[PDB]
């Protein structure tokens, strides 16, 4: 529970947290994403994507065009540090990543890249 967090995403297009803090001693960290509700992934699907705050607009605009089978992220996009797949209600997915990819000086963010969700579904990730 030091190096893992669970974030829920809902039928009301929200994540249940706005800020995730990763302790510096973790070597790898896991984010587990759940989706309470009843709506299918092509109506209200959600993923969790991590990048520098500066790259977030570019990933989201390109991802919307990639389609649901590419999890609304451009294939092999080098700006994405880590991501889950798009999940619908009653499903779940995790992603584990190397904490030393998060370097000193830069500001990081998480968001959902499903079309239209980023206005409400985003926040900050800080290593502490």
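Residue numbers count along the first chain shown, from 1.
Mean CA B-factor, 18-26 versus 113-121: the higher value falls on 18-26. With 103-111 and 9-17 compared on mean CA B-factor from the PDB entry, the stretch scoring higher is 103-111. In the PDB entry, the Cα temperature factor peaks, among 85, 79, 92, 41, at 92.
Of the candidates 65, 49, 31, 59, the deposited coordinates give 65 the top C-alpha B factor.
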